[PDB]
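Colleague: First the structure, then my questions, so here it is.
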Amino acid sequence: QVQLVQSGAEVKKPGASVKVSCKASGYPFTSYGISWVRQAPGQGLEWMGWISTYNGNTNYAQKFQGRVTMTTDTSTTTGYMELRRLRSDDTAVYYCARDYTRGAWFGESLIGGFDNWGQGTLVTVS
Amino acid sequence: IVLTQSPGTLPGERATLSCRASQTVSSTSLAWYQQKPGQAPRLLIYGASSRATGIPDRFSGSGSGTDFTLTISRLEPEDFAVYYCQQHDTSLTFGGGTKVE
Amino acid sequence: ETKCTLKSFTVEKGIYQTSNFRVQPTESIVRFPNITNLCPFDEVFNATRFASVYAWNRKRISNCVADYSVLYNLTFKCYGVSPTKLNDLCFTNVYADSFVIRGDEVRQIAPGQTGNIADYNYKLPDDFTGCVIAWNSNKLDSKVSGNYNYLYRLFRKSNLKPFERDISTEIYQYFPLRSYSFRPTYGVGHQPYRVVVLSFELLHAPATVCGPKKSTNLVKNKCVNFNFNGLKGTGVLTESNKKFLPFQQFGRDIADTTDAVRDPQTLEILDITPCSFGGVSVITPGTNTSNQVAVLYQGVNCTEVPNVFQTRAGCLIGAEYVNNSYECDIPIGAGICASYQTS
Amino acid sequence: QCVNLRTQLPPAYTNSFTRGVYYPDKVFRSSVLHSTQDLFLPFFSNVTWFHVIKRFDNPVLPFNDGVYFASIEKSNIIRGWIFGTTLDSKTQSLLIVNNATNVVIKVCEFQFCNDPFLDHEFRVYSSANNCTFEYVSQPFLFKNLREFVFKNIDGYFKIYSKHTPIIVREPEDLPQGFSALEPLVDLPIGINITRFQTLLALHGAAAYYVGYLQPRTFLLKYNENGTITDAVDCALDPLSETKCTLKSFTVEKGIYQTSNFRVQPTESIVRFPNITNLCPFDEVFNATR
Amino acid sequence: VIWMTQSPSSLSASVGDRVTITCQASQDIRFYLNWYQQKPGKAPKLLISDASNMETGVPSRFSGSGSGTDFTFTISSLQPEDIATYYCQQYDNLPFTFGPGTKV
Amino acid sequence: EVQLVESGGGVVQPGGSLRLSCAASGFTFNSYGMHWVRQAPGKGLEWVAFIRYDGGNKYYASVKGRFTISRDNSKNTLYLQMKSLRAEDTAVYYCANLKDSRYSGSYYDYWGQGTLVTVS
Ligand SMILES: *[C@@H]1O[C@H](CO)[C@@H](O)[C@H](O)[C@H]1NC(C)=O
Ligand SMILES: *[C@@H]1O[C@H](CO)[C@@H](O)[C@H](O)[C@H]1NC(C)=O
Ligand SMILES: *[C@@H]1O[C@H](CO)[C@@H](O)[C@H](O)[C@H]1NC(C)=O
Ligand SMILES: *[C@@H]1O[C@H](CO)[C@@H](O)[C@H](O)[C@H]1NC(C)=O
Ligand SMILES: *[C@@H]1O[C@H](CO)[C@@H](O)[C@H](O)[C@H]1NC(C)=O
Ligand SMILES: *[C@@H]1O[C@H](CO)[C@@H](O)[C@H](O)[C@H]1NC(C)=O
Ligand SMILES: *[C@@H]1O[C@H](CO)[C@@H](O)[C@H](O)[C@H]1NC(C)=O
Ligand SMILES: *[C@@H]1O[C@H](CO)[C@@H](O)[C@H](O)[C@H]1NC(C)=O
Ligand SMILES: *[C@@H]1O[C@H](CO)[C@@H](O)[C@H](O)[C@H]1NC(C)=O
Ligand SMILES: *[C@@H]1O[C@H](CO)[C@@H](O)[C@H](O)[C@H]1NC(C)=O
Ligand SMILES: *[C@@H]1O[C@H](CO)[C@@H](O)[C@H](O)[C@H]1NC(C)=O
Ligand SMILES: *[C@@H]1O[C@H](CO)[C@@H](O)[C@H](O)[C@H]1NC(C)=O
Ligand SMILES: *[C@@H]1O[C@H](CO)[C@@H](O)[C@H](O)[C@H]1NC(C)=O
């Protein structure tokens, strides 16, 4: 009965930043990581990065290495992502998912995938 | 690693979807996803073979080296969706996506 | 009962104490704190890649709840400990040693054994305490062209000491390491197996790893046998108006008696009292006149005990209360007396 | 990079009065007077007073059997502590540092600077090796009065703390009144602490006080809400001794027998016959026949 | 009781020469050794603590090292001001003890 | 400045007794343990006794059973009571605070000037 609940749609101006939350329930928060994937209209799935809910370690995609910051809060079992310096090309739906592709405690690769996904948060830049 | 899928666009008939890697991908590091219109993607196959919980038996994946496939023994009205291949042998990437129609 | 107590086939007029009323517990209420952090066994056993036996990898497990059900759920030999009792033990540390060997080499991962793995790659102590888990990984590790990534040590000038690791490549007076070359066309004895050894450390020190506990639902306003996170006792659980501080787990009365607890899961305060009890006395005329009796339950409520009259001295059953007034005969207390009267 | 930042001034002293009482255990009690024996700062003791003003007192002090620490400030200059023995790369040491969002506690073989400090970055140590303990939680830290008790028993580093606002008085001394310290954290570290040092952050004025705990008997008064509101030091004076014996903060007029007077011996006197010959055990045990 | 000894008991050296003094413990005292320097008519001054840590104010020409039972005290270049009796002292356990003393 | 001042020395007869004292100032005397060390003409440094900061635990060297160590933290004064003095006890007696990372915890090393005691 795992669920991921994301914030609603946001509208931002070029140069602005957006903060997208993802509330998790139905499982031990510190046993699984959190990954973020975005999908622009008409496009496929693009990986943004991963964070461990246990030790705060991160692994970012090169494309967002200097733009995206990911954090977690284990007291409210909620993940957060912030994307800085938004451009018109960043209009997309941003999804959170439960990560079982990398361990949260050891950082090693696991045999798995992204099983639970949130509904997605639409971010528009104009 | 770059993942190339085909065909661009493909009820009761058997469907096969392909994903070719530019580099060798371990079976332990490859997975398949399904995305219905208006919905988030869901995991179908992990380890290139094992089914994710809740996935019907008509869905089965296999492969080795650089050549992996996903097979649907019989297409149902609800199986018409965009499918993606994923690898995390190196970093983590998704394929272009293949549409079943 | 009175006759036996007084050792007499005869009983004189009066009131005697012959026994005691005590309510027994009917249930067992077990309450423990719920797990918030769990031991990362999943990230050890479901890993994509295992280390070579010549260079075995050690992962440390600490400060977590050890749920072993999954390992039972999915070779599983425990030494010094039962695999079905691990759920109720605590350890100061747990160490998981992961490596890949051949099926025929699995027998070497045990105390008292010898062989080219036991002696040159991975040695266990004769007094080893822990569990060895292994499974066939042919589907993942074997390759058609041959998997040469896994290596073992064949040559060395001496045998290893327990949990010693040697990853040097110095030439033996031969190159000391040789590949397994695993293939899907091999018979079982030559197929790859993934081995995880769980070493259980028990020291005179605070535990960091503990298995989970069984618990039941909370029952109130009834006589029960209870245990709150080790806090044992018998009695009736009720709500409480006590103001506990954020760090206090239980409280005591002036007599240093536990009289309130904090519930591990709901964090509510419950008051505790002993189950109803009191003395039992028999009121009787001399047996030379009559064998009729009445029974007084001292300090007990008439609805607790199971011609019923409630007085300050307790519940009197068997005697008929009247609104008349006579000289006191057999005194009970609080202005009330009993007598044998006219049939 | 360690930065060597002074003269040495003589210490000041202040009057502790009635402070340093903490909840001895995690047990709820109410409407009762409870007698307990534990390490407490003695009542009306002499407490060492250090200043941070161009002078910054941050000497290495002995830990002895436990330390009472208190500070008064607004600028949050005192942000952490170092506990250990040699305070160098040869032994494990405990480093407790607070910052804006969290507190980090770790035990490692740190090579500490000659004069360690924070600079908002860590210039506390030049390097560290293999750690044995890690812990992260919420920050531990009119003027702010912060009081701590540091104990190290059976491997457990126990921290008690209290934070109250205080009115500013010109003498800039310790305030009177009774306030009990609640338990904060209990760290299963297992190291030998004999020295400690206070870490100051640079970028104002502050002061702190250091006292040492002793094994003493106290009578603690718990009110209706299980809060300690008063206490008696049973080894302070003859009046407190009577109060403890009669389990009452109030003594009625009269004469009470509370103790016993006994003269102690001052010398060791040993007297034996003067014999120089040794017993021939050798000629019994090493015999040929 | 841990017994301490030093060697040589007395040494002859000129200014500019390298001087070494050996201190040996009958028992393993890890790194808990102090080195003192005493001039005639004066109380002993501490130069080195915990085997190898220099005291503040002590010239860089002084050094020392060692662990367990065998410890060394060195003067990289003897000065005219370095003529004194040197002692080693253990504080691993009570009673504390000083060595015989080495005359420079 | 930190000072340690010994006094109470002098000349006594064998079998007699002498009480020495050391006045401390300039430092937190009552937080530190203290040592006595003696040095006879022609000999090296000899450790005599140690007392903890609270005046609780006491340790003795050759002198155990004859010498007593004590302190008064309200006067910042350290005492050594020597009974049954022998010719061999002729020495200069120092009070000191010895740098010690294991027991006293002292991070600073202080010495007095010493007082001469002669037994004859
Ligand atoms: C444990 O119980 C507490 C309080 O009832 C609850 O808030 C917490 O989420 C529970 N933890 C888990 C992992 O379910
Ligand atoms: C490995 O992952 C599978 C799929 O989620 C799970 O069923 C299995 O129990 C896991 N193995 C372990 C040891 O957790
Ligand atoms: C018992 O009752 C009879 C009358 O029926 C009387 O005569 C006798 O004395 C009584 N005995 C005692 C012990 O009361
Ligand atoms: C006995 O029980 C009745 C019914 O609950 C109650 O009203 C009465 O006060 C009780 N008396 C005593 C002594 O408990
Ligand atoms: C005694 O009289 C009262 C009325 O005052 C009545 O309620 C009660 O039941 C009577 N009891 C008996 C035993 O007659
Ligand atoms: C501080 O003193 C040390 C010697 O103890 C020296 O190595 C270091 O360079 C000095 N720091 C600075 C900034 O000069
Ligand atoms: C130490 O405490 C005593 C009281 O026992 C007091 O008389 C003395 O003045 C205090 N010392 C200092 C330096 O204040
Ligand atoms: C406080 O310390 C934590 C843990 O080291 C760190 O993640 C955080 O960024 C620090 N906060 C600030 C403001 O430096
Ligand atoms: C690990 O700790 C030991 C002390 O037990 C130390 O000697 C060793 O050098 C440390 N390892 C590293 C890489 O610092
Ligand atoms: C801590 O002190 C005790 C008592 O002196 C000693 O036995 C123990 O070995 C010390 N621990 C270490 C690491 O030195
Ligand atoms: C106990 O707490 C209540 C508030 O819950 C307060 O009104 C009452 O005065 C407190 N009693 C004491 C003695 O402080
Ligand atoms: C030794 O003992 C004898 C008695 O047997 C006594 O007469 C003599 O005086 C003693 N010697 C000394 C030195 O006291
Ligand atoms: C017997 O003689 C040997 C050799 O000198 C010695 O080591 C041993 O202690 C003697 N045994 C006894 C009881 O003296």
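Numbers in chain C track Swiss-Prot; the residues on display, in order, are 298-371, 376-474, 489-621, 641-676, 689.
Using N, Cα and C of the backbone, Cβ positions are placed for all residues, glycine too.
Annotation source Swiss-Prot lists disulfide bond at C:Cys336-C:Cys361, C:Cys379-C:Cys432, C:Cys391-C:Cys525, C:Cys538-C:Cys590, C:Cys617-C:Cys649, C:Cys662-C:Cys671, citing experimental evidence. Taken from Swiss-Prot, the feature O-linked glycosylation site covers C:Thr323, C:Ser325, C:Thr676. The N-linked glycosylation site annotation in Swiss-Prot covers C:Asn331, C:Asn343, C:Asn603, C:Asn616, C:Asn657. The region 'Disordered' annotation in Swiss-Prot covers C:319-335, C:519-541. The region 'Immunodominant HLA epitope recognized by the CD8+' annotation in Swiss-Prot covers C:448-456.
In terms of burial and nearby residues, how do these features look in this structure?
Modeller: Cβ contacts within 10 Å of C:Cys361 (disulfide bond), excluding its own Cβ and spanning all protein chains shown: 20.
The C-beta environment of C:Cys379 (disulfide bond), restricted to residues of the same chain at least 6 apart in sequence and closer than 8 Å, consists of C:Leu387, C:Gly431, C:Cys432, C:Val433.
Annotation note: C:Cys391 (disulfide bond) sits in a strand segment as assigned by DSSP. C:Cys391 (disulfide bond) is surrounded by 13 other CB atoms, counting those within 10 A of its CB over all protein chains shown.
Residue environment of C:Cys590 (disulfide bond) contains 16 other Cβ atoms, counted within 10 Å of its Cβ in all protein chains.
Mapped onto three states, the DSSP output places C:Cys649 (disulfide bond) in strand. For C:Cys649 (disulfide bond), the Cβ neighbour count at a 10 Å cut-off comes to 21, with all displayed protein chains included.
In this structure, C:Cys671 (disulfide bond) is part of a beta strand by DSSP. A sphere of 10 angstroms centred on the C-beta of C:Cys671 (disulfide bond) encloses 13 other C-beta atoms.
Long-range neighbours of C:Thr323 (O-linked glycosylation site) (same chain, six or more residues apart, CB within less than 8 Å of its CB): C:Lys537, C:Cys538, C:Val539.
Counted within 10 Å of its Cβ, the other Cβ atoms near C:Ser325 (O-linked glycosylation site) come to 11, all protein chains included.
The Cβ neighbour count for C:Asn331 (N-linked glycosylation site), using a 10 Å radius and every protein chain shown, is 10. Following the DSSP three-state reduction, the secondary structure of C:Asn331 (N-linked glycosylation site) is coil.
In the three-state DSSP assignment, the secondary structure recorded for C:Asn343 (N-linked glycosylation site) is coil.
Around the Cβ of C:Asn603 (N-linked glycosylation site), the same chain contributes C:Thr307, each under 8 angstroms and 6 or more positions distant in sequence. Taken residue by residue with DSSP, C:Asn603 (N-linked glycosylation site) is part of neither helix nor strand, so it is coil.
DSSP assigns C:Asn616 (N-linked glycosylation site) to coil in the three-state reduction, placing it in neither a helix nor a strand.
Taking Cβ-Cβ distances under 8 Å and a sequence separation of 6 or more, C:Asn657 (N-linked glycosylation site) has no neighbours in its chain.
DSSP classifies C:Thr676 (O-linked glycosylation site) as coil under the three-state reduction.
For the region 'Immunodominant HLA epitope recognized by the CD8+' (C:448-456), the list of distant contacts is 349-352, 401-402, 417-418, 421-422, 442, 467, 473, 489, 491-498, 507: same-chain residues at least six beyond its ends, Cβ to Cβ under 8 Å.
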Colleague: Using DSSP, would you call C:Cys590 (disulfide bond) helix, strand or coil?
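Modeller: Looking at the DSSP assignment, C:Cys590 (disulfide bond) belongs to neither helix nor strand, so coil.
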Colleague: I'd like to know which of these glycosylation sites, C:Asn343, C:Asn616, C:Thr676, is least surrounded, judged by other CB atoms within 10 A.
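Modeller: With the glycosylation sites C:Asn343, C:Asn616, C:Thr676, fewest surrounding Cβ atoms within 10 Å: C:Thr676.
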Colleague: Between C:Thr676 (O-linked glycosylation site) and C:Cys590 (disulfide bond), find the distance joining the two CA atoms and give it rounded to the nearest Å.
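Modeller: Between the alpha carbons of C:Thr676 (O-linked glycosylation site) and C:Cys590 (disulfide bond) there are 39 Å.
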Colleague: Among the recorded positions C:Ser325, C:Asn343, C:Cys361, C:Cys649, which ones place their CB within a distance below 8 Å of a chain A CB?
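Modeller: Contact set vs A: C:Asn343.
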Colleague: Around C:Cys336 (disulfide bond), which residues of its chain at least 6 apart sit with Cβ under 8 Å of its Cβ?
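Modeller: For C:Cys336 (disulfide bond), the qualifying residues are C:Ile358, C:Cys361, C:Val362, C:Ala363, C:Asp364, C:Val395, C:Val524.
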Colleague: For C:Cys590 (disulfide bond), identify the closest of the glycosylation sites C:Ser325, C:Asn331, C:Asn343, judging by Cα separation.
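Modeller: Nearest by Cα distance to C:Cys590 (disulfide bond): C:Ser325.
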Colleague: Looking at the recorded positions C:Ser325, C:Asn616, C:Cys671, which has the shortest Cα distance to C:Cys391 (disulfide bond)?
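Modeller: If we rank C:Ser325, C:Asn616, C:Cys671 by Cα distance to C:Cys391 (disulfide bond), first place goes to C:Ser325.
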Colleague: Sort the residues of the region 'Disordered' (C:519-541) into helix, strand and coil with DSSP and give the three counts.
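Modeller: Per DSSP, the residues of the region 'Disordered' (C:519-541) fall into 0 helix, 6 strand, 17 coil.
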Colleague: Specify the nearest of the recorded positions C:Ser325, C:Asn343, C:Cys525, C:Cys662, C:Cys671 to C:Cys649 (disulfide bond), where nearness means the distance between Cα atoms.
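Modeller: If we rank C:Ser325, C:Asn343, C:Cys525, C:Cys662, C:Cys671 by Cα distance to C:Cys649 (disulfide bond), first place goes to C:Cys671.
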Colleague: Going by DSSP, is C:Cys379 (disulfide bond) part of a helix, a strand, or coil?
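Modeller: The three-state answer is strand.
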Colleague: Just going by other Cβ atoms within 10 Å, which of the disulfide-bonded residues C:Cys432, C:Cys538, C:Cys617, C:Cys662 has the emptiest spot?
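Modeller: The disulfide-bonded residues C:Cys432, C:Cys538, C:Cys617, C:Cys662 were compared, and C:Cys662 has the fewest Cβ atoms within 10 Å.
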Colleague: Measure from the CA atom of C:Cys662 (disulfide bond) to the CA atom of C:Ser325 (O-linked glycosylation site) and give the result in Å, rounded to a whole number.
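Modeller: Checking the Cα atoms of C:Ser325 (O-linked glycosylation site) and C:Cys662 (disulfide bond) gives a distance of 47 Å.
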